[PDB]
>>> print(open('model04.cif').read())   # mmCIF, C-alpha atoms
data_upload
#
loop_
_atom_site.group_PDB
_atom_site.id
_atom_site.type_symbol
_atom_site.label_atom_id
_atom_site.label_comp_id
_atom_site.auth_asym_id
_atom_site.auth_seq_id
_atom_site.Cartn_x
_atom_site.Cartn_y
_atom_site.Cartn_z
ATOM 1 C CA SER A 322 15.913 28.288 19.561
ATOM 2 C CA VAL A 323 19.678 28.424 20.010
ATOM 3 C CA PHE A 324 19.654 25.781 22.759
ATOM 4 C CA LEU A 325 18.215 22.287 22.490
ATOM 5 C CA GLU A 326 14.876 21.654 24.189
ATOM 6 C CA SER A 327 13.642 18.684 26.190
ATOM 7 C CA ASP A 328 10.851 16.552 24.757
ATOM 8 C CA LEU A 329 7.431 16.986 26.363
ATOM 9 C CA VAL A 330 5.526 13.913 27.570
ATOM 10 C CA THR A 331 1.855 13.661 28.542
ATOM 11 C CA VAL A 332 1.002 11.110 31.229
ATOM 12 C CA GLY A 333 -2.221 9.733 32.664
ATOM 13 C CA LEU A 334 -3.149 6.961 35.072
ATOM 14 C CA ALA A 335 -6.360 5.394 36.384
ATOM 15 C CA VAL A 336 -7.133 2.952 39.207
ATOM 16 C CA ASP A 337 -9.677 0.192 38.564
ATOM 17 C CA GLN A 338 -9.604 -1.943 41.721
ATOM 18 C CA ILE A 339 -7.641 -2.359 44.944
ATOM 19 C CA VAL A 340 -7.222 -6.136 45.125
ATOM 20 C CA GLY A 341 -5.328 -6.516 48.395
ATOM 21 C CA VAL A 342 -3.532 -4.979 51.376
ATOM 22 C CA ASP A 343 -0.823 -6.760 53.394
ATOM 23 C CA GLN A 344 -0.650 -5.254 56.881
ATOM 24 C CA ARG A 345 2.378 -7.203 58.153
ATOM 25 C CA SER A 346 4.669 -6.753 55.133
ATOM 26 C CA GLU A 347 3.256 -3.254 54.419
ATOM 27 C CA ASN A 348 2.367 -3.551 50.741
ATOM 28 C CA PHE A 349 -0.731 -3.400 48.553
ATOM 29 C CA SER A 350 -1.785 -4.424 45.047
ATOM 30 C CA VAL A 351 -3.697 -2.397 42.455
ATOM 31 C CA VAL A 352 -5.130 -2.812 38.944
ATOM 32 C CA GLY A 353 -5.187 0.089 36.519
ATOM 33 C CA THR A 354 -4.201 1.629 33.198
ATOM 34 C CA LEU A 355 -1.306 3.863 32.118
ATOM 35 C CA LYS A 356 -0.915 6.052 29.029
ATOM 36 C CA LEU A 357 1.978 8.080 27.604
ATOM 37 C CA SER A 358 2.217 10.419 24.619
ATOM 38 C CA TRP A 359 5.000 12.508 23.087
ATOM 39 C CA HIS A 360 6.200 13.962 19.786
ATOM 40 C CA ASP A 361 9.490 13.161 18.050
ATOM 41 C CA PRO A 362 10.283 14.001 14.398
ATOM 42 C CA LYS A 363 13.080 11.397 14.316
ATOM 43 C CA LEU A 364 10.423 8.657 14.435
ATOM 44 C CA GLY A 365 8.633 10.015 11.369
ATOM 45 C CA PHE A 366 8.474 8.026 8.147
ATOM 46 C CA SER A 367 7.017 8.220 4.647
ATOM 47 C CA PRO A 368 3.837 6.256 3.827
ATOM 48 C CA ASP A 369 5.034 5.187 0.366
ATOM 49 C CA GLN A 370 7.790 2.995 1.852
ATOM 50 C CA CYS A 371 5.246 0.889 3.775
ATOM 51 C CA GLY A 372 1.808 1.652 2.288
ATOM 52 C CA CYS A 373 0.402 2.314 5.763
ATOM 53 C CA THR A 374 -0.438 5.226 8.044
ATOM 54 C CA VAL A 375 0.284 3.502 11.386
ATOM 55 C CA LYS A 376 3.434 1.657 12.450
ATOM 56 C CA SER A 377 2.929 -0.458 15.556
ATOM 57 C CA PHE A 378 4.905 -2.485 18.087
ATOM 58 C CA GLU A 379 3.172 -5.030 20.311
ATOM 59 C CA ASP A 380 3.985 -7.045 23.441
ATOM 60 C CA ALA A 381 7.260 -5.169 23.988
ATOM 61 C CA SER A 382 8.491 -2.735 26.612
ATOM 62 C CA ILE A 383 9.753 0.734 25.734
ATOM 63 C CA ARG A 384 13.351 -0.343 26.400
ATOM 64 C CA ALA A 385 13.105 -3.256 23.955
ATOM 65 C CA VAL A 386 11.655 -1.065 21.195
ATOM 66 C CA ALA A 387 14.308 1.596 21.826
ATOM 67 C CA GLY A 388 17.032 -1.034 21.549
ATOM 68 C CA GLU A 389 15.515 -2.461 18.368
ATOM 69 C CA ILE A 390 15.081 0.865 16.531
ATOM 70 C CA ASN A 391 18.274 2.413 17.997
ATOM 71 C CA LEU A 392 16.613 5.648 19.113
ATOM 72 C CA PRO A 393 16.157 7.127 22.608
ATOM 73 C CA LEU A 394 12.679 6.584 24.048
ATOM 74 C CA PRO A 395 11.068 7.659 27.362
ATOM 75 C CA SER A 396 11.267 4.482 29.425
ATOM 76 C CA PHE A 397 9.668 4.358 32.871
ATOM 77 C CA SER A 398 9.456 2.220 35.999
ATOM 78 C CA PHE A 399 7.452 1.876 39.197
ATOM 79 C CA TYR A 400 9.499 3.118 42.139
ATOM 80 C CA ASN A 401 8.250 0.696 44.821
ATOM 81 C CA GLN A 402 7.458 -2.330 42.647
ATOM 82 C CA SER B 322 -16.908 -7.000 -4.662
ATOM 83 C CA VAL B 323 -15.038 -3.779 -5.350
ATOM 84 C CA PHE B 324 -14.395 -3.242 -1.634
ATOM 85 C CA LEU B 325 -12.319 -5.655 0.414
ATOM 86 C CA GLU B 326 -14.257 -7.877 2.811
ATOM 87 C CA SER B 327 -13.350 -8.887 6.349
ATOM 88 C CA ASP B 328 -12.526 -12.525 7.040
ATOM 89 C CA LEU B 329 -15.194 -14.474 8.923
ATOM 90 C CA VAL B 330 -14.258 -16.446 12.047
ATOM 91 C CA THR B 331 -16.361 -19.108 13.771
ATOM 92 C CA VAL B 332 -15.824 -19.433 17.522
ATOM 93 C CA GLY B 333 -17.014 -21.795 20.234
ATOM 94 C CA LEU B 334 -16.358 -22.252 23.935
ATOM 95 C CA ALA B 335 -17.246 -24.935 26.481
ATOM 96 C CA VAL B 336 -16.917 -24.918 30.277
ATOM 97 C CA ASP B 337 -15.894 -28.157 32.001
ATOM 98 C CA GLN B 338 -15.378 -27.334 35.686
ATOM 99 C CA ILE B 339 -15.326 -24.373 38.065
ATOM 100 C CA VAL B 340 -12.235 -24.959 40.206
ATOM 101 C CA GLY B 341 -12.368 -22.041 42.634
ATOM 102 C CA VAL B 342 -13.764 -18.674 43.728
ATOM 103 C CA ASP B 343 -11.802 -16.082 45.733
ATOM 104 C CA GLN B 344 -14.266 -13.909 47.648
ATOM 105 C CA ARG B 345 -11.718 -11.422 49.034
ATOM 106 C CA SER B 346 -9.722 -10.697 45.862
ATOM 107 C CA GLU B 347 -12.834 -11.091 43.645
ATOM 108 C CA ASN B 348 -11.602 -13.612 41.089
ATOM 109 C CA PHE B 349 -12.488 -17.124 39.956
ATOM 110 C CA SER B 350 -10.864 -19.949 38.002
ATOM 111 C CA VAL B 351 -12.321 -22.204 35.306
ATOM 112 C CA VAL B 352 -11.288 -25.123 33.080
ATOM 113 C CA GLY B 353 -12.613 -25.431 29.551
ATOM 114 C CA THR B 354 -12.000 -25.659 25.820
ATOM 115 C CA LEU B 355 -11.784 -23.055 23.044
ATOM 116 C CA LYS B 356 -12.091 -23.541 19.283
ATOM 117 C CA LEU B 357 -11.629 -21.195 16.318
ATOM 118 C CA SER B 358 -12.064 -21.732 12.583
ATOM 119 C CA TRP B 359 -11.559 -19.484 9.560
ATOM 120 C CA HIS B 360 -10.907 -19.683 5.822
ATOM 121 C CA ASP B 361 -8.002 -17.945 4.087
ATOM 122 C CA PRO B 362 -6.778 -18.866 0.577
ATOM 123 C CA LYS B 363 -3.387 -17.227 1.222
ATOM 124 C CA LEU B 364 -2.530 -20.119 3.567
ATOM 125 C CA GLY B 365 -3.265 -22.775 0.951
ATOM 126 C CA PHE B 366 -0.493 -24.922 -0.483
ATOM 127 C CA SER B 367 0.034 -27.490 -3.226
ATOM 128 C CA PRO B 368 0.203 -31.165 -2.172
ATOM 129 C CA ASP B 369 2.829 -32.117 -4.777
ATOM 130 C CA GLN B 370 5.561 -30.266 -2.836
ATOM 131 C CA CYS B 371 4.859 -32.180 0.398
ATOM 132 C CA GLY B 372 2.732 -35.229 -0.499
ATOM 133 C CA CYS B 373 0.316 -34.605 2.374
ATOM 134 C CA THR B 374 -3.216 -33.360 2.972
ATOM 135 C CA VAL B 375 -2.791 -31.747 6.419
ATOM 136 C CA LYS B 376 -0.114 -29.299 7.573
ATOM 137 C CA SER B 377 -0.034 -28.577 11.296
ATOM 138 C CA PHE B 378 1.678 -26.354 13.855
ATOM 139 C CA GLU B 379 1.898 -27.524 17.460
ATOM 140 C CA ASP B 380 2.643 -26.060 20.896
ATOM 141 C CA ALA B 381 2.678 -22.459 19.644
ATOM 142 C CA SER B 382 0.415 -19.442 19.984
ATOM 143 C CA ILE B 383 -1.300 -17.805 17.021
ATOM 144 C CA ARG B 384 0.997 -14.776 17.312
ATOM 145 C CA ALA B 385 4.123 -16.941 17.101
ATOM 146 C CA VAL B 386 2.878 -18.792 14.011
ATOM 147 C CA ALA B 387 1.850 -15.505 12.379
ATOM 148 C CA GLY B 388 5.307 -14.072 13.020
ATOM 149 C CA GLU B 389 6.929 -17.232 11.663
ATOM 150 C CA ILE B 390 4.939 -17.400 8.402
ATOM 151 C CA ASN B 391 4.639 -13.604 7.914
ATOM 152 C CA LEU B 392 0.865 -13.688 7.424
ATOM 153 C CA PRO B 393 -1.951 -12.039 9.410
ATOM 154 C CA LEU B 394 -3.798 -14.440 11.709
ATOM 155 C CA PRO B 395 -6.689 -13.871 14.166
ATOM 156 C CA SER B 396 -4.923 -13.643 17.515
ATOM 157 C CA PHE B 397 -6.957 -13.363 20.714
ATOM 158 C CA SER B 398 -6.655 -12.872 24.465
ATOM 159 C CA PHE B 399 -8.679 -13.173 27.654
ATOM 160 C CA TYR B 400 -9.776 -9.703 28.728
ATOM 161 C CA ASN B 401 -9.685 -10.241 32.513
ATOM 162 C CA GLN B 402 -6.847 -12.777 32.676
#
>>> encode(input="model04.cif", output="C-alpha cells")
Amino acid sequence: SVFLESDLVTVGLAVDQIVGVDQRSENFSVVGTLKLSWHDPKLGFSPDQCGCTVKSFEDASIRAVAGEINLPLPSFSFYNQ
Amino acid sequence: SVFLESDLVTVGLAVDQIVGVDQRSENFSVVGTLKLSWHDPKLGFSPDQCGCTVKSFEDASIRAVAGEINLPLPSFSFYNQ
C-alpha cells in the first residue's frame, strides 16, 4: 500500500452483575470483563534475547506501559465513569 | 529428575468473625488470617555475611518483595475482592 493504514483492534465486553441503581442521582454500577487485541510488528522481539516466548506486563494501565516502552498503544476510557 | 519440578506451597486459612452481609448488593465481609509456606534454595543465604539466622521483610506485599529481590515468588489475590 502507498498510504499508511490504521491498526485494527478487536474488542469484547461481558456483563456479570448489576450491583446497584441510583434513581435520584441517575447512575448505576456494573461488574464485567473487557478484552482487547491487536497486531503491531514494532512490538515484536527475538526469543534468544530473553529465552522466553511471552513478554508480560502486570498491574499497569495501557498508558503506563506505552510511556514505559515509548511506543503508541490503544488506550481507552469509559465515557460516563 | 530430568524435567523441572514445580515448587510446592502449603496454605492455610482461618475465619475469625463475620462482620456483615449486604442483601441488596449481594456481598459480605469477613475477618481472618492467611498463611503460606514454601521452600526455595535460591533464597538461601550465608550467615557469615550478616551474623543472623532469620531475615525478614515487613509491611510489603509478595509482589513488591519479588520485584525488589528479582526472584519469582508465589503471589496471590482474592478472586471476588
>>> calpha_fit_and_write(input="model04.cif", fixed="chain B", moving="chain A", output="PDB file with C-alpha atoms, keeping the file's coordinate frame")
ATOM      1  CA  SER A 322     -16.946  -7.127  -4.790  1.00  0.00           C
ATOM      2  CA  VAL A 323     -15.322  -3.753  -5.400  1.00  0.00           C
ATOM      3  CA  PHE A 324     -14.387  -3.308  -1.730  1.00  0.00           C
ATOM      4  CA  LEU A 325     -12.327  -5.704   0.360  1.00  0.00           C
ATOM      5  CA  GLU A 326     -14.199  -7.878   2.851  1.00  0.00           C
ATOM      6  CA  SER A 327     -13.330  -8.885   6.398  1.00  0.00           C
ATOM      7  CA  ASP A 328     -12.542 -12.525   7.119  1.00  0.00           C
ATOM      8  CA  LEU A 329     -15.238 -14.480   8.956  1.00  0.00           C
ATOM      9  CA  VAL A 330     -14.318 -16.446  12.090  1.00  0.00           C
ATOM     10  CA  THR A 331     -16.364 -19.116  13.869  1.00  0.00           C
ATOM     11  CA  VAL A 332     -15.894 -19.359  17.634  1.00  0.00           C
ATOM     12  CA  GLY A 333     -17.033 -21.789  20.307  1.00  0.00           C
ATOM     13  CA  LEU A 334     -16.322 -22.292  23.992  1.00  0.00           C
ATOM     14  CA  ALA A 335     -17.260 -24.828  26.671  1.00  0.00           C
ATOM     15  CA  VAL A 336     -16.887 -24.908  30.464  1.00  0.00           C
ATOM     16  CA  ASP A 337     -15.802 -28.168  32.106  1.00  0.00           C
ATOM     17  CA  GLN A 338     -15.368 -27.296  35.791  1.00  0.00           C
ATOM     18  CA  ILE A 339     -15.323 -24.295  38.116  1.00  0.00           C
ATOM     19  CA  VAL A 340     -12.283 -25.027  40.283  1.00  0.00           C
ATOM     20  CA  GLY A 341     -12.319 -22.051  42.642  1.00  0.00           C
ATOM     21  CA  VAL A 342     -13.763 -18.699  43.717  1.00  0.00           C
ATOM     22  CA  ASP A 343     -11.819 -16.061  45.678  1.00  0.00           C
ATOM     23  CA  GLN A 344     -14.259 -13.830  47.555  1.00  0.00           C
ATOM     24  CA  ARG A 345     -11.731 -11.326  48.944  1.00  0.00           C
ATOM     25  CA  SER A 346      -9.729 -10.693  45.756  1.00  0.00           C
ATOM     26  CA  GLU A 347     -12.849 -11.119  43.557  1.00  0.00           C
ATOM     27  CA  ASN A 348     -11.625 -13.661  41.018  1.00  0.00           C
ATOM     28  CA  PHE A 349     -12.447 -17.203  39.930  1.00  0.00           C
ATOM     29  CA  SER A 350     -10.816 -20.026  37.975  1.00  0.00           C
ATOM     30  CA  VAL A 351     -12.320 -22.194  35.233  1.00  0.00           C
ATOM     31  CA  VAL A 352     -11.345 -25.145  33.021  1.00  0.00           C
ATOM     32  CA  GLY A 353     -12.647 -25.427  29.482  1.00  0.00           C
ATOM     33  CA  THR A 354     -12.024 -25.681  25.751  1.00  0.00           C
ATOM     34  CA  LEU A 355     -11.849 -23.094  22.956  1.00  0.00           C
ATOM     35  CA  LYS A 356     -12.116 -23.533  19.185  1.00  0.00           C
ATOM     36  CA  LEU A 357     -11.649 -21.171  16.232  1.00  0.00           C
ATOM     37  CA  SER A 358     -12.149 -21.642  12.495  1.00  0.00           C
ATOM     38  CA  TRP A 359     -11.742 -19.403   9.449  1.00  0.00           C
ATOM     39  CA  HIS A 360     -10.952 -19.496   5.732  1.00  0.00           C
ATOM     40  CA  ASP A 361      -7.990 -17.822   4.029  1.00  0.00           C
ATOM     41  CA  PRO A 362      -6.797 -18.606   0.475  1.00  0.00           C
ATOM     42  CA  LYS A 363      -3.351 -17.126   1.212  1.00  0.00           C
ATOM     43  CA  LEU A 364      -2.639 -20.119   3.474  1.00  0.00           C
ATOM     44  CA  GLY A 365      -3.381 -22.613   0.703  1.00  0.00           C
ATOM     45  CA  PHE A 366      -0.667 -24.859  -0.696  1.00  0.00           C
ATOM     46  CA  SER A 367      -0.176 -27.637  -3.236  1.00  0.00           C
ATOM     47  CA  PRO A 368       0.045 -31.262  -2.031  1.00  0.00           C
ATOM     48  CA  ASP A 369       2.832 -32.210  -4.457  1.00  0.00           C
ATOM     49  CA  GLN A 370       5.325 -29.908  -2.698  1.00  0.00           C
ATOM     50  CA  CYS A 371       4.898 -31.772   0.610  1.00  0.00           C
ATOM     51  CA  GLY A 372       3.157 -35.081  -0.185  1.00  0.00           C
ATOM     52  CA  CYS A 373       0.571 -34.426   2.530  1.00  0.00           C
ATOM     53  CA  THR A 374      -2.987 -33.163   2.900  1.00  0.00           C
ATOM     54  CA  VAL A 375      -2.612 -31.539   6.348  1.00  0.00           C
ATOM     55  CA  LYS A 376      -0.021 -28.999   7.484  1.00  0.00           C
ATOM     56  CA  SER A 377       0.125 -28.624  11.254  1.00  0.00           C
ATOM     57  CA  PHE A 378       1.686 -26.431  13.933  1.00  0.00           C
ATOM     58  CA  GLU A 379       1.888 -27.618  17.535  1.00  0.00           C
ATOM     59  CA  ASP A 380       2.615 -26.107  20.957  1.00  0.00           C
ATOM     60  CA  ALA A 381       2.616 -22.557  19.563  1.00  0.00           C
ATOM     61  CA  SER A 382       0.339 -19.564  19.985  1.00  0.00           C
ATOM     62  CA  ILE A 383      -1.340 -17.856  17.041  1.00  0.00           C
ATOM     63  CA  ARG A 384       1.045 -14.894  17.325  1.00  0.00           C
ATOM     64  CA  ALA A 385       4.119 -17.134  17.081  1.00  0.00           C
ATOM     65  CA  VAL A 386       2.789 -18.947  14.005  1.00  0.00           C
ATOM     66  CA  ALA A 387       1.840 -15.632  12.383  1.00  0.00           C
ATOM     67  CA  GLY A 388       5.346 -14.312  12.998  1.00  0.00           C
ATOM     68  CA  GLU A 389       6.925 -17.491  11.636  1.00  0.00           C
ATOM     69  CA  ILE A 390       4.875 -17.681   8.414  1.00  0.00           C
ATOM     70  CA  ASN A 391       4.726 -13.873   7.952  1.00  0.00           C
ATOM     71  CA  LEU A 392       0.963 -13.734   7.411  1.00  0.00           C
ATOM     72  CA  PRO A 393      -1.778 -12.029   9.458  1.00  0.00           C
ATOM     73  CA  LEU A 394      -3.687 -14.411  11.727  1.00  0.00           C
ATOM     74  CA  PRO A 395      -6.631 -13.873  14.130  1.00  0.00           C
ATOM     75  CA  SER A 396      -4.903 -13.727  17.504  1.00  0.00           C
ATOM     76  CA  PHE A 397      -6.972 -13.487  20.683  1.00  0.00           C
ATOM     77  CA  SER A 398      -6.669 -12.865  24.414  1.00  0.00           C
ATOM     78  CA  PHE A 399      -8.677 -13.145  27.616  1.00  0.00           C
ATOM     79  CA  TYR A 400      -9.751  -9.694  28.767  1.00  0.00           C
ATOM     80  CA  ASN A 401      -9.579 -10.228  32.549  1.00  0.00           C
ATOM     81  CA  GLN A 402      -6.802 -12.830  32.713  1.00  0.00           C
TER      82      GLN A 402
END
>>> closest_residue(input="model04.cif", among="B:351, B:339, B:385, B:390", to="chain A", atoms="all atoms listed in the file")
B:385
>>> atom_distance(input="model04.cif", atom1="atom CA of residue B:333", atom2="atom CA of residue A:353")
29.7 Å
>>> resolve_selection(input="model04.cif", expression="the PyMOL selection byres ((chain B) within 12 of (chain A))", output="list in words")
residues 343, 344, 345, 346, 347, 348, 384, 385, 388, 401 and 402 of chain B
>>> atom_distance(input="model04.cif", atom1="atom CA of residue B:391", atom2="atom CA of residue B:331")
22.5 Å
>>> atom_distance(input="model04.cif", atom1="atom CA of residue A:382", atom2="atom CA of residue A:397")
9.5 Å
>>> axis_aligned_box(input="model04.cif", around="stretch 352-366 of chain B", padding_each_side="8 Å", output="JSON")
{"center_x": -6.6, "center_y": -21.4, "center_z": 16.3, "size_x": 28.1, "size_y": 24.4, "size_z": 49.6}
>>> residues_near_point(input="model04.cif", point="(9.6, 2.3, 24.3)", cutoff="12 Å", atoms="only C-alpha atoms", output="PyMOL selection string")
chain A and resi 357-359+364+377-398
>>> resolve_selection(input="model04.cif", expression="the PyMOL selection byres ((chain B and resi 336) around 7)", output="list in words")
residues 334, 335, 337, 338, 352, 353 and 354 of chain B
>>> resolve_selection(input="model04.cif", expression="the PyMOL selection byres ((chain B and resi 360) around 8)", output="list in words")
residues 328, 329, 330, 358, 359, 361 and 362 of chain B
>>> build_atoms(input="model04.cif", residues="stretch 359-391 of chain B", atoms="N, CA and C atoms", output="PDB file, keeping the file's coordinate frame")
ATOM      1  N   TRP B 359     -11.453 -20.529  10.570  1.00  0.00           N
ATOM      2  CA  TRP B 359     -11.559 -19.484   9.560  1.00  0.00           C
ATOM      3  C   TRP B 359     -11.002 -20.014   8.247  1.00  0.00           C
ATOM      4  N   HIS B 360     -11.304 -19.295   7.169  1.00  0.00           N
ATOM      5  CA  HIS B 360     -10.907 -19.683   5.822  1.00  0.00           C
ATOM      6  C   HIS B 360     -10.082 -18.570   5.195  1.00  0.00           C
ATOM      7  N   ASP B 361      -8.894 -18.917   4.706  1.00  0.00           N
ATOM      8  CA  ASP B 361      -8.002 -17.945   4.087  1.00  0.00           C
ATOM      9  C   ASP B 361      -7.220 -18.600   2.955  1.00  0.00           C
ATOM     10  N   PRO B 362      -7.492 -18.234   1.699  1.00  0.00           N
ATOM     11  CA  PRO B 362      -6.778 -18.866   0.577  1.00  0.00           C
ATOM     12  C   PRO B 362      -5.283 -18.596   0.562  1.00  0.00           C
ATOM     13  N   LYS B 363      -4.815 -17.529   1.214  1.00  0.00           N
ATOM     14  CA  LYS B 363      -3.387 -17.227   1.222  1.00  0.00           C
ATOM     15  C   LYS B 363      -2.575 -18.265   1.985  1.00  0.00           C
ATOM     16  N   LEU B 364      -3.217 -19.059   2.842  1.00  0.00           N
ATOM     17  CA  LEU B 364      -2.530 -20.119   3.567  1.00  0.00           C
ATOM     18  C   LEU B 364      -2.521 -21.441   2.817  1.00  0.00           C
ATOM     19  N   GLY B 365      -3.221 -21.531   1.690  1.00  0.00           N
ATOM     20  CA  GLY B 365      -3.265 -22.775   0.951  1.00  0.00           C
ATOM     21  C   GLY B 365      -1.923 -23.121   0.334  1.00  0.00           C
ATOM     22  N   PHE B 366      -1.731 -24.413   0.084  1.00  0.00           N
ATOM     23  CA  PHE B 366      -0.493 -24.922  -0.483  1.00  0.00           C
ATOM     24  C   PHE B 366      -0.811 -26.067  -1.433  1.00  0.00           C
ATOM     25  N   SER B 367       0.191 -26.450  -2.222  1.00  0.00           N
ATOM     26  CA  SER B 367       0.034 -27.490  -3.226  1.00  0.00           C
ATOM     27  C   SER B 367       0.550 -28.812  -2.680  1.00  0.00           C
ATOM     28  N   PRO B 368      -0.239 -29.887  -2.755  1.00  0.00           N
ATOM     29  CA  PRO B 368       0.203 -31.165  -2.172  1.00  0.00           C
ATOM     30  C   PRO B 368       1.471 -31.726  -2.791  1.00  0.00           C
ATOM     31  N   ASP B 369       1.725 -31.467  -4.075  1.00  0.00           N
ATOM     32  CA  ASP B 369       2.829 -32.117  -4.777  1.00  0.00           C
ATOM     33  C   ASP B 369       4.203 -31.689  -4.277  1.00  0.00           C
ATOM     34  N   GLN B 370       4.296 -30.645  -3.451  1.00  0.00           N
ATOM     35  CA  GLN B 370       5.561 -30.266  -2.836  1.00  0.00           C
ATOM     36  C   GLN B 370       5.749 -30.859  -1.446  1.00  0.00           C
ATOM     37  N   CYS B 371       4.723 -31.500  -0.887  1.00  0.00           N
ATOM     38  CA  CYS B 371       4.859 -32.180   0.398  1.00  0.00           C
ATOM     39  C   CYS B 371       4.219 -33.558   0.444  1.00  0.00           C
ATOM     40  N   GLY B 372       3.363 -33.921  -0.508  1.00  0.00           N
ATOM     41  CA  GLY B 372       2.732 -35.229  -0.499  1.00  0.00           C
ATOM     42  C   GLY B 372       1.855 -35.489   0.704  1.00  0.00           C
ATOM     43  N   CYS B 373       1.170 -34.464   1.205  1.00  0.00           N
ATOM     44  CA  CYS B 373       0.316 -34.605   2.374  1.00  0.00           C
ATOM     45  C   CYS B 373      -0.952 -33.789   2.176  1.00  0.00           C
ATOM     46  N   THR B 374      -1.950 -34.077   3.010  1.00  0.00           N
ATOM     47  CA  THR B 374      -3.216 -33.360   2.972  1.00  0.00           C
ATOM     48  C   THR B 374      -3.391 -32.392   4.133  1.00  0.00           C
ATOM     49  N   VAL B 375      -2.649 -32.570   5.224  1.00  0.00           N
ATOM     50  CA  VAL B 375      -2.791 -31.747   6.419  1.00  0.00           C
ATOM     51  C   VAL B 375      -1.418 -31.239   6.835  1.00  0.00           C
ATOM     52  N   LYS B 376      -1.304 -29.927   7.020  1.00  0.00           N
ATOM     53  CA  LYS B 376      -0.114 -29.299   7.573  1.00  0.00           C
ATOM     54  C   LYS B 376      -0.472 -28.657   8.906  1.00  0.00           C
ATOM     55  N   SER B 377       0.326 -28.936   9.934  1.00  0.00           N
ATOM     56  CA  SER B 377      -0.034 -28.577  11.296  1.00  0.00           C
ATOM     57  C   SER B 377       1.116 -27.879  12.008  1.00  0.00           C
ATOM     58  N   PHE B 378       0.751 -27.001  12.939  1.00  0.00           N
ATOM     59  CA  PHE B 378       1.678 -26.354  13.855  1.00  0.00           C
ATOM     60  C   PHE B 378       1.243 -26.678  15.276  1.00  0.00           C
ATOM     61  N   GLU B 379       2.203 -27.019  16.131  1.00  0.00           N
ATOM     62  CA  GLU B 379       1.898 -27.524  17.460  1.00  0.00           C
ATOM     63  C   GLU B 379       2.653 -26.743  18.525  1.00  0.00           C
ATOM     64  N   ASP B 380       2.029 -26.642  19.702  1.00  0.00           N
ATOM     65  CA  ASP B 380       2.643 -26.060  20.896  1.00  0.00           C
ATOM     66  C   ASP B 380       3.110 -24.626  20.667  1.00  0.00           C
ATOM     67  N   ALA B 381       2.343 -23.850  19.908  1.00  0.00           N
ATOM     68  CA  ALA B 381       2.678 -22.459  19.644  1.00  0.00           C
ATOM     69  C   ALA B 381       1.410 -21.622  19.630  1.00  0.00           C
ATOM     70  N   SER B 382       1.538 -20.363  20.037  1.00  0.00           N
ATOM     71  CA  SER B 382       0.415 -19.442  19.984  1.00  0.00           C
ATOM     72  C   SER B 382       0.191 -18.954  18.555  1.00  0.00           C
ATOM     73  N   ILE B 383      -0.972 -18.335  18.341  1.00  0.00           N
ATOM     74  CA  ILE B 383      -1.300 -17.805  17.021  1.00  0.00           C
ATOM     75  C   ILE B 383      -0.341 -16.688  16.634  1.00  0.00           C
ATOM     76  N   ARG B 384       0.061 -15.858  17.601  1.00  0.00           N
ATOM     77  CA  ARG B 384       0.997 -14.776  17.312  1.00  0.00           C
ATOM     78  C   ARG B 384       2.341 -15.315  16.840  1.00  0.00           C
ATOM     79  N   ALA B 385       2.838 -16.369  17.491  1.00  0.00           N
ATOM     80  CA  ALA B 385       4.123 -16.941  17.101  1.00  0.00           C
ATOM     81  C   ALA B 385       4.074 -17.509  15.688  1.00  0.00           C
ATOM     82  N   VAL B 386       3.003 -18.231  15.353  1.00  0.00           N
ATOM     83  CA  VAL B 386       2.878 -18.792  14.011  1.00  0.00           C
ATOM     84  C   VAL B 386       2.750 -17.680  12.977  1.00  0.00           C
ATOM     85  N   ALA B 387       1.992 -16.628  13.301  1.00  0.00           N
ATOM     86  CA  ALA B 387       1.850 -15.505  12.379  1.00  0.00           C
ATOM     87  C   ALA B 387       3.188 -14.819  12.137  1.00  0.00           C
ATOM     88  N   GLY B 388       3.987 -14.649  13.192  1.00  0.00           N
ATOM     89  CA  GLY B 388       5.307 -14.072  13.020  1.00  0.00           C
ATOM     90  C   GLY B 388       6.262 -14.981  12.273  1.00  0.00           C
ATOM     91  N   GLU B 389       6.070 -16.296  12.383  1.00  0.00           N
ATOM     92  CA  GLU B 389       6.929 -17.232  11.663  1.00  0.00           C
ATOM     93  C   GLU B 389       6.611 -17.268  10.171  1.00  0.00           C
ATOM     94  N   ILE B 390       5.326 -17.267   9.803  1.00  0.00           N
ATOM     95  CA  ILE B 390       4.939 -17.400   8.402  1.00  0.00           C
ATOM     96  C   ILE B 390       4.647 -16.060   7.742  1.00  0.00           C
ATOM     97  N   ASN B 391       4.795 -14.952   8.469  1.00  0.00           N
ATOM     98  CA  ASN B 391       4.639 -13.604   7.914  1.00  0.00           C
ATOM     99  C   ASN B 391       3.277 -13.411   7.249  1.00  0.00           C
TER     100      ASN B 391
END
